[PDB]
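S.K.: My structure is stored as data06.txt, with compact mmCIF, C-alpha atoms and all ligand atoms.
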```
# COMPACT_ATOMS: atom_id res chain seq x y z
CA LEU A 1 0.00 0.00 0.00
CA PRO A 2 1.33 3.47 -0.88
CA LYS A 3 3.36 5.16 1.85
CA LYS A 4 2.80 8.81 2.91
CA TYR A 5 5.42 11.22 1.45
CA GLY A 6 5.87 15.01 1.53
CA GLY A 7 3.11 16.56 -0.59
CA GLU B 1 -26.36 20.91 -21.69
CA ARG B 2 -24.83 20.71 -18.22
CA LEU B 3 -26.23 19.92 -14.78
CA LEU B 4 -25.82 23.46 -13.32
CA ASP B 5 -28.02 26.15 -14.83
CA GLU B 6 -25.31 28.69 -13.98
CA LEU B 7 -21.82 28.57 -12.53
CA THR B 8 -22.64 30.20 -9.19
CA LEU B 9 -23.53 29.28 -5.63
CA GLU B 10 -27.17 29.99 -6.55
CA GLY B 11 -26.89 27.51 -9.42
CA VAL B 12 -25.43 24.87 -7.08
CA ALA B 13 -28.23 25.30 -4.56
CA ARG B 14 -30.91 24.86 -7.20
CA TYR B 15 -29.12 21.74 -8.41
CA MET B 16 -28.95 20.34 -4.87
CA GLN B 17 -32.66 20.77 -4.36
CA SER B 18 -33.42 19.10 -7.71
CA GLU B 19 -34.05 15.35 -8.04
CA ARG B 20 -30.79 15.01 -10.02
CA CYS B 21 -28.71 15.59 -6.86
CA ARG B 22 -28.94 12.85 -4.26
CA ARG B 23 -25.40 11.94 -3.14
CA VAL B 24 -22.81 14.48 -1.99
CA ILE B 25 -19.13 13.81 -1.25
CA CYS B 26 -17.28 16.41 0.84
CA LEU B 27 -13.51 16.83 0.49
CA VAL B 28 -12.23 18.88 3.43
CA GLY B 29 -8.86 20.15 4.64
CA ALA B 30 -7.29 22.34 7.32
CA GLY B 31 -9.26 25.40 6.16
CA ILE B 32 -12.44 24.03 7.80
CA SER B 33 -10.85 23.92 11.23
CA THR B 34 -8.86 27.15 11.45
CA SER B 35 -12.02 28.89 12.71
CA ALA B 36 -11.98 26.44 15.68
CA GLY B 37 -8.38 27.31 16.51
CA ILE B 38 -6.68 24.27 14.93
CA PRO B 39 -3.53 25.29 13.00
CA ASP B 40 -2.68 23.99 9.54
CA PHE B 41 -0.08 21.35 10.45
CA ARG B 42 1.29 21.15 6.89
CA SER B 43 1.94 24.91 6.57
CA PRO B 44 5.42 26.23 7.48
CA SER B 45 3.88 29.73 7.68
CA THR B 46 1.97 28.77 10.85
CA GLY B 47 4.49 29.37 13.63
CA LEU B 48 4.14 25.82 14.95
CA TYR B 49 7.67 24.65 14.11
CA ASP B 50 9.63 27.76 15.10
CA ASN B 51 10.56 26.40 18.56
CA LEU B 52 11.97 22.97 17.69
CA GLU B 53 15.62 23.54 18.66
CA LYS B 54 14.73 22.71 22.27
CA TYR B 55 14.08 19.21 20.87
CA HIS B 56 17.64 19.03 19.48
CA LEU B 57 16.29 17.52 16.28
CA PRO B 58 17.74 16.66 12.83
CA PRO B 59 12.55 19.31 10.89
CA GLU B 60 10.31 16.83 9.05
CA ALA B 61 11.74 14.13 11.34
CA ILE B 62 9.15 15.26 13.92
CA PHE B 63 6.47 13.52 11.82
CA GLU B 64 8.53 10.70 10.24
CA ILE B 65 7.71 7.28 11.66
CA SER B 66 11.27 5.99 11.51
CA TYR B 67 12.45 8.84 13.74
CA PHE B 68 9.39 8.64 16.00
CA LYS B 69 9.84 4.97 16.89
CA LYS B 70 13.42 5.62 18.10
CA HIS B 71 12.97 9.10 19.69
CA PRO B 72 9.26 9.71 20.44
CA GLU B 73 9.91 12.43 23.02
CA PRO B 74 10.04 15.41 20.60
CA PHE B 75 6.68 14.53 19.05
CA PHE B 76 4.94 14.20 22.40
CA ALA B 77 6.44 17.46 23.69
CA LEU B 78 5.12 19.24 20.59
CA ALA B 79 1.74 17.57 21.07
CA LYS B 80 1.54 19.02 24.57
CA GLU B 81 2.47 22.49 23.36
CA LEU B 82 -0.15 22.41 20.59
CA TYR B 83 -2.99 20.49 22.29
CA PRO B 84 -6.24 22.47 21.75
CA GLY B 85 -7.82 24.10 24.76
CA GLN B 86 -11.26 23.08 23.47
CA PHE B 87 -12.74 20.92 20.68
CA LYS B 88 -15.59 22.99 19.22
CA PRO B 89 -16.49 22.14 15.60
CA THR B 90 -17.21 24.97 13.17
CA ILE B 91 -20.27 26.03 11.16
CA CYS B 92 -18.72 24.05 8.31
CA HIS B 93 -18.59 20.87 10.42
CA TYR B 94 -22.24 21.18 11.43
CA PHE B 95 -23.25 21.89 7.81
CA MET B 96 -21.98 18.38 6.97
CA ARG B 97 -23.97 17.08 9.93
CA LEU B 98 -27.05 18.68 8.30
CA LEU B 99 -26.18 17.03 4.97
CA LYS B 100 -26.13 13.73 6.90
CA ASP B 101 -29.44 14.55 8.60
CA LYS B 102 -31.08 15.29 5.25
CA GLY B 103 -29.93 12.03 3.64
CA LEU B 104 -27.50 13.72 1.21
CA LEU B 105 -24.06 12.78 2.61
CA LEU B 106 -22.42 9.85 0.82
CA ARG B 107 -19.02 10.40 2.40
CA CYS B 108 -16.74 13.02 3.94
CA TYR B 109 -13.06 12.60 3.02
CA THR B 110 -10.93 14.63 5.44
CA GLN B 111 -7.24 15.56 5.54
CA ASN B 112 -7.68 16.62 9.19
CA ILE B 113 -6.65 14.76 12.32
CA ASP B 114 -8.46 16.91 14.90
CA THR B 115 -11.57 14.67 15.38
CA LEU B 116 -13.97 17.62 14.90
CA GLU B 117 -15.98 15.74 12.24
CA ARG B 118 -16.83 13.09 14.87
CA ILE B 119 -17.61 15.63 17.60
CA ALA B 120 -20.01 17.32 15.13
CA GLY B 121 -21.86 14.05 14.70
CA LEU B 122 -20.50 12.34 11.59
CA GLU B 123 -20.17 8.60 12.19
CA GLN B 124 -17.26 6.29 11.36
CA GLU B 125 -19.15 4.96 8.34
CA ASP B 126 -19.54 8.54 7.03
CA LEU B 127 -15.80 9.32 7.21
CA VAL B 128 -12.56 8.56 5.39
CA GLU B 129 -9.79 9.98 7.56
CA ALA B 130 -7.17 10.10 4.83
CA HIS B 131 -4.38 11.00 7.25
CA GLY B 132 -5.71 9.13 10.29
CA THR B 133 -6.88 10.72 13.52
CA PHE B 134 -5.90 11.48 17.11
CA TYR B 135 -9.26 9.97 18.12
CA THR B 136 -7.63 6.59 18.85
CA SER B 137 -4.11 5.32 19.53
CA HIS B 138 -2.45 1.90 19.28
CA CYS B 139 0.49 0.04 20.72
CA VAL B 140 3.07 -0.29 17.92
CA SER B 141 4.00 -3.96 18.52
CA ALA B 142 2.66 -6.04 15.64
CA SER B 143 1.62 -8.96 17.92
CA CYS B 144 -0.27 -6.64 20.30
CA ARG B 145 -1.80 -3.48 18.82
CA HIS B 146 -3.77 -2.71 22.00
CA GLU B 147 -6.03 0.31 21.33
CA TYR B 148 -6.24 3.36 23.61
CA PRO B 149 -8.75 6.27 23.69
CA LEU B 150 -7.92 9.96 23.43
CA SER B 151 -8.63 10.49 27.14
CA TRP B 152 -5.80 8.03 27.94
CA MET B 153 -3.42 9.61 25.41
CA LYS B 154 -4.27 13.15 26.58
CA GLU B 155 -3.37 12.24 30.17
CA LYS B 156 0.04 10.89 29.10
CA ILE B 157 0.73 13.95 26.93
CA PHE B 158 -0.05 16.42 29.73
CA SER B 159 1.78 14.58 32.50
CA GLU B 160 4.78 14.31 30.13
CA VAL B 161 4.92 10.52 30.40
CA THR B 162 5.89 8.83 27.14
CA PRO B 163 2.86 6.60 26.45
CA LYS B 164 3.61 2.89 26.77
CA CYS B 165 1.40 -0.15 26.29
CA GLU B 166 0.10 -1.59 29.57
CA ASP B 167 0.21 -5.15 28.18
CA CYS B 168 3.62 -5.16 26.54
CA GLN B 169 5.34 -1.78 27.32
CA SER B 170 5.93 -0.92 23.67
CA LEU B 171 5.33 2.63 22.51
CA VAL B 172 1.72 3.74 21.87
CA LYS B 173 1.17 6.07 18.88
CA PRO B 174 -1.82 8.27 17.90
CA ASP B 175 -3.55 6.86 14.82
CA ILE B 176 -2.31 9.68 12.57
CA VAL B 177 -0.44 8.69 9.42
CA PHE B 178 3.18 9.76 9.98
CA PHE B 179 5.47 10.32 7.01
CA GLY B 180 6.81 6.90 6.01
CA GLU B 181 3.64 4.97 6.97
CA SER B 182 1.14 3.40 4.60
CA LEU B 183 -1.91 5.45 3.77
CA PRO B 184 -5.16 3.83 5.00
CA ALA B 185 -6.52 0.96 2.93
CA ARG B 186 -10.01 2.40 3.53
CA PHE B 187 -9.08 5.55 1.58
CA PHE B 188 -8.53 3.51 -1.59
CA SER B 189 -11.39 1.02 -1.22
CA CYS B 190 -13.91 3.78 -0.47
CA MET B 191 -12.71 5.91 -3.39
CA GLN B 192 -13.23 3.04 -5.83
CA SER B 193 -16.89 2.72 -4.79
CA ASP B 194 -18.00 6.25 -3.83
CA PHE B 195 -16.98 8.05 -6.99
CA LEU B 196 -19.16 5.76 -9.07
CA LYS B 197 -22.08 7.20 -7.09
CA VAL B 198 -21.45 10.92 -6.56
CA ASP B 199 -23.73 13.73 -7.78
CA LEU B 200 -21.91 16.71 -6.26
CA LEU B 201 -18.39 17.26 -4.97
CA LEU B 202 -18.19 19.81 -2.16
CA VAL B 203 -14.53 20.83 -1.70
CA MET B 204 -13.94 23.05 1.36
CA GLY B 205 -10.86 24.40 3.08
CA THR B 206 -8.21 22.59 1.04
CA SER B 207 -5.68 24.02 -1.40
CA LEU B 208 -5.54 20.59 -3.11
CA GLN B 209 -1.74 20.45 -2.97
CA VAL B 210 -1.21 17.20 -1.03
CA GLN B 211 -1.28 13.82 -2.81
CA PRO B 212 -2.97 11.40 -3.19
CA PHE B 213 -5.82 13.37 -1.58
CA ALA B 214 -5.82 16.10 -4.24
CA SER B 215 -6.24 13.55 -7.05
CA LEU B 216 -9.76 12.74 -5.73
CA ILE B 217 -11.27 15.60 -7.77
CA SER B 218 -10.25 13.81 -10.99
CA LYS B 219 -12.13 10.65 -9.88
CA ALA B 220 -15.50 12.36 -10.28
CA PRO B 221 -17.61 11.57 -13.37
CA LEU B 222 -17.23 14.23 -16.06
CA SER B 223 -20.73 15.56 -15.44
CA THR B 224 -20.45 15.93 -11.64
CA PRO B 225 -20.52 19.60 -10.53
CA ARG B 226 -17.69 20.60 -8.20
CA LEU B 227 -18.08 23.51 -5.77
CA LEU B 228 -14.97 24.91 -4.05
CA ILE B 229 -15.47 26.95 -0.87
CA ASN B 230 -12.05 28.22 0.10
CA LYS B 231 -10.13 31.41 0.81
CA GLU B 232 -8.16 31.05 -2.47
CA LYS B 233 -8.85 29.48 -5.85
CA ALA B 234 -7.36 25.99 -5.97
CA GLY B 235 -7.15 22.78 -7.98
CA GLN B 236 -6.60 24.23 -11.44
CA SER B 237 -4.06 22.64 -13.77
CA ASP B 238 -0.50 23.86 -13.23
CA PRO B 239 0.73 25.72 -16.33
CA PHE B 240 4.22 24.28 -15.60
CA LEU B 241 3.51 20.75 -14.34
CA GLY B 242 1.47 20.05 -17.45
CA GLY B 243 -6.30 16.65 -16.30
CA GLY B 244 -9.26 16.42 -14.03
CA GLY B 245 -8.12 19.92 -13.00
CA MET B 246 -10.73 22.51 -12.00
CA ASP B 247 -11.91 24.87 -14.76
CA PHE B 248 -13.78 27.82 -13.25
CA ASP B 249 -13.12 30.60 -15.76
CA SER B 250 -12.44 29.48 -19.32
CA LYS B 251 -15.00 29.66 -22.11
CA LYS B 252 -15.14 25.85 -21.76
CA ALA B 253 -16.15 25.96 -18.07
CA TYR B 254 -19.31 23.94 -17.45
CA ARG B 255 -19.42 22.44 -13.92
CA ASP B 256 -16.89 23.97 -11.49
CA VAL B 257 -17.77 26.88 -9.18
CA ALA B 258 -15.47 28.82 -6.84
CA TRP B 259 -16.82 30.69 -3.81
CA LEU B 260 -13.89 32.67 -2.40
CA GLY B 261 -13.98 33.56 1.28
CA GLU B 262 -14.04 31.98 4.73
CA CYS B 263 -15.43 28.43 4.78
CA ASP B 264 -17.89 29.13 7.61
CA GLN B 265 -19.27 32.07 5.65
CA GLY B 266 -19.57 30.11 2.40
CA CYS B 267 -21.38 27.26 4.16
CA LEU B 268 -23.65 29.84 5.83
CA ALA B 269 -24.45 31.31 2.40
CA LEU B 270 -25.23 27.92 0.86
CA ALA B 271 -27.43 26.94 3.81
CA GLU B 272 -29.36 30.22 3.50
CA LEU B 273 -30.05 29.50 -0.17
CA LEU B 274 -31.27 26.00 0.77
CA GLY B 275 -33.73 27.17 3.45
CA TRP B 276 -31.47 25.71 6.16
CA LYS B 277 -30.19 28.89 7.86
CA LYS B 278 -32.43 28.61 10.91
CA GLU B 279 -31.75 24.87 11.25
CA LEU B 280 -27.99 25.41 10.97
CA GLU B 281 -27.97 28.32 13.45
CA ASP B 282 -30.01 26.36 16.02
CA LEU B 283 -27.79 23.27 15.68
CA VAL B 284 -24.50 25.17 16.08
CA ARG B 285 -25.72 27.23 19.04
CA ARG B 286 -27.04 24.12 20.80
CA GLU B 287 -23.89 22.03 20.28
CA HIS B 288 -21.62 24.96 21.16
CA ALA B 289 -23.55 25.64 24.37
CA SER B 290 -23.28 21.94 25.22
CA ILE B 291 -19.51 21.87 24.68
CA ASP B 292 -19.10 25.14 26.63
CA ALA B 293 -21.10 23.65 29.54
CA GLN B 294 -18.96 20.51 29.79
CA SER B 295 -18.40 19.90 33.50
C1 LIG C 1 -0.08 14.17 7.33
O1 LIG C 1 -0.17 15.04 6.48
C2 LIG C 1 -0.61 14.36 8.74
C3 LIG C 1 0.38 15.04 9.71
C4 LIG C 1 1.58 14.13 9.95
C5 LIG C 1 0.84 16.39 9.16
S1 LIG C 1 -0.65 15.31 11.19
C6 LIG C 1 0.52 16.10 12.32
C7 LIG C 1 -0.24 16.26 13.62
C8 LIG C 1 0.62 16.89 14.67
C9 LIG C 1 -0.07 16.99 16.00
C10 LIG C 1 0.77 17.70 17.03
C11 LIG C 1 0.09 17.72 18.37
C12 LIG C 1 -1.32 18.26 18.27
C13 LIG C 1 -2.29 17.58 19.21
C14 LIG C 1 -3.73 17.69 18.74
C15 LIG C 1 -4.61 16.58 19.28
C16 LIG C 1 -6.01 16.68 18.75
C17 LIG C 1 -6.01 17.00 17.27
ZN ZN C 2 1.21 -3.69 23.45
```
Rewrite the coordinates I just gave you, this time as structure tokens.

M.R.:
Amino acid sequence: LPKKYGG
Amino acid sequence: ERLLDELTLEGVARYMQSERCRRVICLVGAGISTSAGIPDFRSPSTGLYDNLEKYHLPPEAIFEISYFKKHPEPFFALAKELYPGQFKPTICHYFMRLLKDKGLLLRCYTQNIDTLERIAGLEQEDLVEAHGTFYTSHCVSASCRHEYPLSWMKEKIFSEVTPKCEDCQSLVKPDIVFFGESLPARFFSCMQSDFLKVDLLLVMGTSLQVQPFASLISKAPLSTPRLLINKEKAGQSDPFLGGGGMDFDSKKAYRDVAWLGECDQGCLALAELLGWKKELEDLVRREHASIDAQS
């Protein structure tokens, strides 16, 4: 599952 | 021929009270909670991160999970400094409660972590907390994952005791999505179903600059009107980066409307058009008096 990144 | 008879708030209200409009998705960001005193935690122009040297830190590490799991103390000291004195939802929050009451709310997708949607009376099934929430916390050990309520977490934050699991003594973390963590599976499964069903997108208090949340506006059917209530125009295609983008002003505009001002005031204006002003005023005043009387 996609990870949270800046922006 | 388009669904809105004109590209204005008045056009949107007529469309909402027509039989064509039955299911509304709200997309909301920090702009709907600044009126309640909650700062925009993504903005470096809110003075939140000016006093971080005391934490002897490497900046963004304060919200990166890798750093947190090894040195949680800076995050919890910041959380104490910034903990709201009161949790009083705004006119905007209670407008979504009225949408729920009137059988129009399909889903509220929120970028916010402040729990005000729940305090205002939206239920878990109504909500996609795209970045998680402080409402609950969990032990971080994979074989445990004991859950803790905000009251328990608040008491640890204020007494300056690093929260630890009572069963296993691992660290306990608020259910916000730190940088480096997976985004919630519910965000993606709900998006795949809800946007097949939406008649109106209500976008309030977000500049639509954070991904993947901002990409939600391009998941709407081509015919679905999209109303932005926000202090500044947002969500248009970037003349440099270039597509689902908002088109408010071209000669090809057909479904997107911008109402530029404070979110509370835009929601007040829409409610007035709908015949809901008295209902909305009575609900806010009642809930606010209740919160103010908490003993
Ligand atoms: C992703 O974009 C989400 C963030 C990582 C930016 S949320 C950061 C939240 C920081 C909270 C600091 C302490 C505030 C305590 C408030 C508790 C009730 C909301
Ligand atoms: Zn545990």

S.K.: Can you tell me which residues sit at most 6 Å away from ligand LIG 1 (chain C), counting only C-alpha atoms and all ligand atoms, written as a short mmCIF file (atom, residue, chain, number, x, y, z; two decimals) with C-alpha atoms, keeping the file's coordinate frame?

M.R.:
```cif
data_model
loop_
_atom_site.label_atom_id
_atom_site.label_comp_id
_atom_site.auth_asym_id
_atom_site.auth_seq_id
_atom_site.Cartn_x
_atom_site.Cartn_y
_atom_site.Cartn_z
CA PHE B 41 -0.08 21.35 10.45
CA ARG B 42 1.29 21.15 6.89
CA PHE B 63 6.47 13.52 11.82
CA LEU B 78 5.12 19.24 20.59
CA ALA B 79 1.74 17.57 21.07
CA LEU B 82 -0.15 22.41 20.59
CA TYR B 83 -2.99 20.49 22.29
CA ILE B 113 -6.65 14.76 12.32
CA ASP B 114 -8.46 16.91 14.90
CA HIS B 131 -4.38 11.00 7.25
CA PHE B 134 -5.90 11.48 17.11
CA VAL B 177 -0.44 8.69 9.42
CA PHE B 178 3.18 9.76 9.98
#
```

S.K.: Measure the distance from CA of residue 171 (chain B) to CA of residue 77 (chain B) in Å and round it to one decimal.

M.R.: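 Straight-line distance from CA of residue 171 (chain B) to CA of residue 77 (chain B) works out to 14.9 Å.
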
S.K.: When you count only C-alpha atoms, which of these residues is closest to chain A: B:271, B:32, B:130, B:105?

M.R.: B:130

S.K.: Just to confirm, what's the straight-line distance from CA of residue 288 (chain B) to CA of residue 121 (chain B) in Å (one decimal)?

M.R.: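 Computing it gives 12.7 Å between the two atoms.
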
S.K.: Which residues, protein or nucleic acid, reach to within 12 Å of (-4.6, 13.1, 28.5) in the file's coordinates when using all atoms listed in the file, and can you give that as a ChimeraX atom specification?

M.R.: /B:76,79-80,83-84,134-135,137,148-163,174

S.K.: Taking all atoms listed in the file into account, which of B:13, B:165, B:183, B:3 comes nearest chain A?

M.R.: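 Checking each candidate against chain A, we get B:183 as the closest.
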
S.K.: For the atom pair CA of residue 168 (chain B) and CA of residue 66 (chain B), what is the interatomic distance in Å to one decimal place?

M.R.: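 These two atoms are separated by 20.2 Å.
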
S.K.: Residues of chain B within 7 Å of chain A, using all atoms listed in the file, as JSON, numbers by chain?

M.R.: {"B": [179, 180, 181, 182, 183, 209, 210, 211]}

S.K.: Could you pull out the residues sitting within 9 Å of ligand ZN 2 (chain C), using all atoms listed in the file, and write them as JSON, numbers by chain?

M.R.: {"B": [138, 139, 140, 141, 142, 143, 144, 145, 146, 147, 164, 165, 166, 167, 168, 169, 170, 171, 172]}

S.K.: Find the residues around residue 200 (chain B) up to 7 Å (all atoms listed in the file counted), leave out those fewer than 2 positions away in its own chain, and share them as a PyMOL selection string.

M.R.: chain B and resi 21+23-25+198+202+224-226

S.K.: Hey, what's within 10 Å of residue 254 (chain B) if we count all atoms listed in the file and toss same-chain stuff fewer than 2 positions away? As a list in words, please?

M.R.: residues 1, 2, 3, 4, 5, 6, 7, 223, 224, 225, 226, 247, 248, 249, 250, 251, 252, 256 and 257 of chain B

S.K.: Can you find the residues with an atom no farther than 9 Å from (-10.9, 32.8, 5.6), counting only C-alpha atoms, and report them as a PyMOL selection string?

M.R.: chain B and resi 31+34-35+205+230-232+260-265

S.K.: Can I get the selected residues back with C-alpha atoms, as a tab-separated table (two decimals), keeping the file's coordinate frame?

M.R.:
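Heads up, here's the output in part_35.tsv:
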```tsv
chain	number	residue	atom	x	y	z
B	31	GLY	CA	-9.26	25.40	6.16
B	34	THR	CA	-8.86	27.15	11.45
B	35	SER	CA	-12.02	28.89	12.71
B	205	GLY	CA	-10.86	24.40	3.08
B	230	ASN	CA	-12.05	28.22	0.10
B	231	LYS	CA	-10.13	31.41	0.81
B	232	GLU	CA	-8.16	31.05	-2.47
B	260	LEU	CA	-13.89	32.67	-2.40
B	261	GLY	CA	-13.98	33.56	1.28
B	262	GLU	CA	-14.04	31.98	4.73
B	263	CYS	CA	-15.43	28.43	4.78
B	264	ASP	CA	-17.89	29.13	7.61
B	265	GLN	CA	-19.27	32.07	5.65
```
